[PDB]
Amino acid sequence: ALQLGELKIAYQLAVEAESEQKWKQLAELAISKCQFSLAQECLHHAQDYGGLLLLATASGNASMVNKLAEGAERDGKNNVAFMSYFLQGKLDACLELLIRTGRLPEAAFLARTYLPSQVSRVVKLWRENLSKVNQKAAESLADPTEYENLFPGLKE
Amino acid sequence: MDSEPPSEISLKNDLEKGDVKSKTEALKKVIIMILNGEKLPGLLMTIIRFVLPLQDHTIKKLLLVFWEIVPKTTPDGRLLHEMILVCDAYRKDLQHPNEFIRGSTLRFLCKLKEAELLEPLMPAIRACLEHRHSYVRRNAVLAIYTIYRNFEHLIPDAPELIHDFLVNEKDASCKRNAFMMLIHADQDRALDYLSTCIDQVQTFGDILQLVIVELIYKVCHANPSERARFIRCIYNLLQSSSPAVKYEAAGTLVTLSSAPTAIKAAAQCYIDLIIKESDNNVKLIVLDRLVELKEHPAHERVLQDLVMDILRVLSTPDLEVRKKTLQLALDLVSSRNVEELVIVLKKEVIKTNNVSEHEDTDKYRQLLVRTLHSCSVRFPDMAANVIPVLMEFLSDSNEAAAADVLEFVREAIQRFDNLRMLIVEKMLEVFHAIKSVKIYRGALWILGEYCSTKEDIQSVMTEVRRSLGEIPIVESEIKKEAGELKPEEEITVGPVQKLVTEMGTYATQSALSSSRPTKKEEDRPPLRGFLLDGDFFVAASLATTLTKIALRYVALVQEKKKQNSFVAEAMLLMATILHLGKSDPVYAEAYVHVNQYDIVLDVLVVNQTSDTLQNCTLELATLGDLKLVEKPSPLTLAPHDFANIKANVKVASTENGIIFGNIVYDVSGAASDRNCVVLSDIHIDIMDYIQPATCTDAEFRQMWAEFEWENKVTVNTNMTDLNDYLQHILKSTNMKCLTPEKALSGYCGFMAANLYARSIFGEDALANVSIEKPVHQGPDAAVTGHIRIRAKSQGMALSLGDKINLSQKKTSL
Amino acid sequence: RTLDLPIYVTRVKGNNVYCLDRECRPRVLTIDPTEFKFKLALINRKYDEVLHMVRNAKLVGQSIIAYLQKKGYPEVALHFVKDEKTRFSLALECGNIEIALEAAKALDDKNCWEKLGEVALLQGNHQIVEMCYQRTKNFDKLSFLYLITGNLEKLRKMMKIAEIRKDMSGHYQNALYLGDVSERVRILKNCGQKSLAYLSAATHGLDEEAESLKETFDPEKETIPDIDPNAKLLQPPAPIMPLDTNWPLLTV
Amino acid sequence: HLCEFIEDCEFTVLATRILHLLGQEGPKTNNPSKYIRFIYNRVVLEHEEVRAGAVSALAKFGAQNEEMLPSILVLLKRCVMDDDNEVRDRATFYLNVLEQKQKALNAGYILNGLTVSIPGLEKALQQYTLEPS
Amino acid sequence: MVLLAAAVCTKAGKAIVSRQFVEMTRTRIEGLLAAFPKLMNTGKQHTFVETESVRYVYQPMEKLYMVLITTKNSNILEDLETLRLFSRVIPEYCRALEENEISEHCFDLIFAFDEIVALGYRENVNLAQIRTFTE
């Protein structure tokens, strides 16, 4: 079915639930023919979060890119995750990926960027995290005194 | 002179004597003592003096020999120069008409990476530029490369001298004999030239071309060298599902297990794999290719199955090959393992058919019945096959032979409810000649459960009930059993009700019925009569009585997970169980410091005294398994000196003959009676010497059995679990907490660790740490843990016993 | 101090301690102001007193030169910092990693630069993180960080030096993060991922670049996947004028 | 403590003694968990009569003390204390009566959890003749 | 070097004669040869056996082992072939293997070792070739 170039027949033969090895071979074949459509479905069934994202995050509306990177957020596959959510000026779960991983500073930083002034809460949670994670001279528990700066220090 | 390190005075004498033989022998004796590693510079002037110019090869060859293994070290008769006594008159040696002396000289001279001989080795390629042998031309490409290696990666070594300076490697390719010392870093033009040479090869030389440049477009072109690369290249062009059918790999492979059965067993494995790639369920593992030897046409002559029969084994070839073979029958053909295991088991298990498969040792017979029977429990189809074969097992009609047979089949009935009704009548038959427990137990259970089906029972049971043999365990089994199934469906002179009467008497009561039972007093202390006595609410009838129990099977019973099963064929299993699968005053102050992961014993050496201690040396010693990674090296400990001297430490070594205490540290100084003193830096223990090793549950269990561990102590501060203090401390007495021996629940749940080590003490060390952490209203002693300990004569057992309490040291100078 | 024989203390009466062994040969020892003065001083937070106190009768390795790197709010730590490791340690315990990078440098090691860079992101400032992360070669982590941080100039630098690595979750990121996607289109072209390059480009309305990729390679751009292939991609990149590489700080 | 000895060379009998005694007393003097853990290992590699003993004892142990029931379940599901041969049959009965049934029977059955017979004190006379032989 | 040393051993627990092509394995040579060749190189009557991460190739002759050792390898055929050629050369010098006679012809054997394997690369030798040198 791959040889014939019968994508559909190869697709039934894989069978939508699992047989990921079949689907990865099909997904590549689908990208070759530049039939992106069959490819997105093959990659989904394959799973292939890293690869699947690359085809998928080319959306500009993030239409089917969040799912295949939902995990990535909290797996420390943050990079895969950021591309998914930030793609049309939206913060879909951009911030959230950063909180999940423990890369709290980065959520604060993002919050400042697009300023809905969410920063005040993120900086706090983060600052608290510095005090627990042995910093005393950059301890952060202040509003601008102990290193980092909560939202009134910050600005648009 | 095999190895005699003091003999250097005699060698000097022997080295010049006016007799050439003596001189040769002497120089030879020097060589053998250096090679072992012993004293040699005293001699040097003597050695060098006779031999130097001469074309007489033997002494020259001998001296030439000694210049590649110690030239640098020896300096009495040589000293340091550009044209040393290694090469000054060995320019003559290089330029002699005899190829051997020149060739030899060239060969050692260029071999050295010495910089005090760099110039003399360079035009030393002259000695072999003319090639009187294959040896001369090879000697030359290797010597130019060795010159290139010795600081001449540029223009001193790369072009030609008059024919080679890094160009024999080019020349060799087109010359009659090849050899390419060009493996790395050398002329591109020669590399290219070797490729051309693949065709016009010289076979030794081809192995040299080939280490450098491999992969051919061809099949070959000839010779072992090309051939050896070729199987590597073939595996590339078809990786897919092993090699399957081994290529030119086969030739080396046999020798790889020359001891002797293991080759066949291995060979059998590959041959089975190769046949087919099946489903690959539990013990159906055959990989390789799906079709390449098929299985099972009906027009194939004389068929595939003939080779398949070998693999079904009783031992039909020898035991190593046997274990491999049983797995291999299972692997090509079954449903999982079950199908081919039943066939295989039918052959192995005890019969009246063949007396080469029956034996009067009861356990093996029994086990074989259980193996056959487990296949049914696994898979349904097998139930139908098993029951008639089981009746044949019975037909042997020895007391014991029946007995084993009855014991499994009765378990099968618990699984297989009113399906094996048919068997009961066969099963009674051999129950009358009796000298054992087992027959009574089993028979009474079949005849008991099966009562609806038959009606014989007073008659069958009664001969046995008034017969003797061994009857402990008989009681237990008859007690739960005799009444069962349908309330009044038998009668010979005792209906099912007489049976319930009997069943109760046999359990622990008394009653005239079946001419009284053999015994009444039950088996092992806990069992007793009473449960069943209460029972038989509805007289031997499928309801909520003995019958229920009998026609039901305790927990899950499926597969070959050992739930009413036994896991393949009984003989193969013994081997698998066996497989453990084990994986002058002196003052010192000191602390241990670690910076950038360097572990060092800091020592400060102090002379509080005005007196002289000059002659001061500092040493850290190797005691046994403790070692210095570098002693403290300052010459300190002088009049009113304070010094910090660092002695690096290791924990792992090999036993030295000196004392085995804490840490020995030695400072030396002035004094002539006690020039060396031993004084201490802080604590290190005997425990270091133990070596950590680990066990799995099987190795632990085997060792438990192997040697006693009754010895126990209770150690305080085992309040905590295995993971915390106990692991860390156990680690320091080179132990490790591995697998469990626990059985946790709502009433159980002491933490159990299985410990192992293999001490350098001629013992192992094992222990079980049981942490008595309350999981009951009445704990042992509350929190604390009792460590049950051993070692192989329990001399390290004790180390485990106390080094799981506490352990800490610190200082702050 | 050590004597040269095994011994039993006879007892302590006075400054001296007196000892006798089994055979009963004596040793006496004056209790010194060596080890004792040094830590009597360190306990009462004196470092000035303690420098004199440092002698080679009591220096060891970790009671003076590395035991004094054992405060989570550095005090003792400040005083001994001579080891490149002790210096590294000191820095995370403050939370100011400016010193870390140098110790990390002098430890000659990448791992330290990425770990201190992470601590750096924690004190809040991403300039310091960039430098570290750049030399550990985590251009892709940086690429990810960078719109989060709100830089666009720095975000481009990461894209190129991650292009060459073919880090598809590095080079790939930045194009999304700026309002136009063109960065990806070329990187992907070099990857040979013509499909992916077209989809990305096309959606932003850079159909011309998307077409270039199709024409150079296999065409067919018409196909509509489970994601859009031509729907607007535009994002307004970072509304902040001062970025979070310029995250404010005072530091205590 | 004695059971700590040797896992399966200690014999059917010692395991039967700790097992019978731990069953019958139902330790609150020490935690039954050590006893259970010790017996659990012994059963695997020792004779049928003890493994059968161990299930039945456990059942009586259940009926006398409520607490105990959770350990009975981990032990009995195992291929050891049930589902061997003799051990299975007794177990199927003993288990089913504890698990399934009322435990009128189980309750009745434990009167302390006593032995199967109470003889005299056999050892001492035996010993008298046996020593100077 | 690919070939650390070429060594004749007695399983008396010592390297009887041995060759260090370039200064590396001096004393090291004796300890390896002494432990491993005693156990048949830890073999089972297999020409290749590897122990303590060093490839030992061998042939037993009496209480003696003729041993080739490598810890790296370029080809299968080659390692055996230098050992083999060595085994043509060794009875010419010592009339089989035997510690006393091996000891006496340290020079002979040692010279052959340098000639046979040069800087760890297996050259070739022959009994006639050997003659020019000891002449």
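Residues numbered from 1 in each chain as written, not as in the entry; some residues may be left out. Chains lettered and ligands numbered in written order. Part of a larger assembly, values for the part shown. Heavy atoms only, no water. Residues with missing side-chain atoms left out of burial classes, pairs and counts.

As recorded in the PDB header, cryo-EM is the method behind this entry, and the stated resolution is 13.00 Å.

1. A few points about the overall build of chain B
When its secondary structure is counted, chain B shows 31 helices and 12 strands. Based on the C-alpha atoms only, the size of chain B along its principal axes is roughly 120 × 90 × 50 Å. (Helix = DSSP H or I, 4+ residues; strand = E, 2+ residues; numbered from the N terminus.)

2. Here's the deal with the overall build of chain E
Along the backbone of chain E there are five helices and seven strands. In chain E, the succession of α and β elements from N to C terminus is β-β-α-β-β-β-α-α-α-β-β-α. The C-alpha atoms of chain E give 13 Å as radius of gyration, which agrees with the globular expectation for 135 residues (14 Å, within 12%). Principal axes of the C-alpha set define a box for chain E whose edges measure 40 × 30 × 25 Å. For chain E, long-range pairs separated by at least 24 residues make up 36% of all intrachain contacts whose partners lie at least 6 apart in sequence. (Rg over C-alpha atoms; globule rule 2.2 N^0.38 Å. Contact = heavy atoms within 4.5 Å.)

3. Brief notes about the sheet that holds strand β1 (residues 587–595) of chain B
Residue and element names in this part refer to chain B. Spatially, the four strands line up as an open sheet ordered β1-β2-β5-β4, and their pairing is antiparallel. Pairing within the sheet leaves two strands with one partner each, and these edge strands are β1 and β4 (627–630). Across the sheet, the mean angle separating the axes of adjacent strands is 40° when strand polarity is ignored. With seven bridges connecting them, strand β2 (residues 598–606) and strand β5 (residues 642–650) associate as antiparallel partners. Of the residues in β5, the one forming a bridge with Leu-601 is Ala-647. (Pairing = 2+ DSSP bridges. Axes fitted to C-alpha atoms, helices over the stretch in contact; angles between N-to-C directions.)

4. Let's talk about unusual backbone geometry
Following B:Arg301, the chain continues to B:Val302 via a peptide bond in cis, the omega torsion being -15°. Mapped onto the elements, B:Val302 comes out in the loop between α14 (261–275) and α15 (305–310). Of note in the backbone geometry, E:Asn41 takes a positive phi value of approximately 75° without being a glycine. Within the secondary structure, E:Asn41 sits in the loop between α1 (27–35) and β3 (48–51). Look at E:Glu52: it is not a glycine, yet its phi comes out positive at around 55°. Note that E:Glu52 resides in the loop between β3 and β4 (54–61).

5. Side note on the interface of chain C and chain A
On the chain A side, the residues contacting the 28 residues of chain C number 28 residues. Listed by contribution, the elements that provide at least two residues to the side of chain C that touches chain A are α4 (84–94) and α12 (194–203) of chain C. Residue contributions to the side of chain C that touches chain A peak at three residues, all from α4(C). For the side of chain C that touches chain A, the per-class residue count stands at 18 nonpolar, five polar and five charged. (Nonpolar A, V, L, I, M, F, W, Y, C, P; charged D, E, K, R; others polar.)

6. As for the sheet that holds strand β3 (residues 617–620) of chain B
Working definition: the strands of a sheet are paired by backbone hydrogen bonds and lie parallel or antiparallel to each other. Residue and element names in this part refer to chain B. Taken in spatial order, the three strands line up as β3-β6-β7 in an open sheet, and their pairing is antiparallel. Only two strands of the sheet have a single neighbouring strand rather than two, namely β3 and β7 (676–679). Between one strand and the next, the sheet's axes are offset by a mean angle of 25°, whatever the strand orientation. As judged from the four bridges shared by β3 and strand β6 (residues 665–668), these two strands associate in the antiparallel manner. Residue pairing across strands places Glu-619 opposite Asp-666, the latter belonging to β6.

7. Re the pairing of β5(B)
Bridge analysis of β4(B) against β5(B) gives three bridges, and the strand direction is antiparallel. In the strand pairing of β5(B), B:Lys627 is matched with B:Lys650.

8. So, the interface of chain B and chain E
At the junction of the two partners, chain B supplies six residues and chain E supplies 10 residues. When residues of the side of chain B that touches chain E are traced back to their parent elements, those giving at least two are α2 (20–36) and α4 (57–66) of chain B. Here the residues of the side of chain B that touches chain E are counted per class, giving one nonpolar, three polar and two charged.

9. Here's the deal with the arrangement of the chains
The interface with the most contacts, out of four pairs of chains in contact, is the one formed by chains A and C. What separates chain A from chain D at the closest point of their C-alpha atoms is a distance of 34 Å, and the two make no contact. There is no contact between chain A and chain E; across them, the least C-alpha separation is 38 Å.

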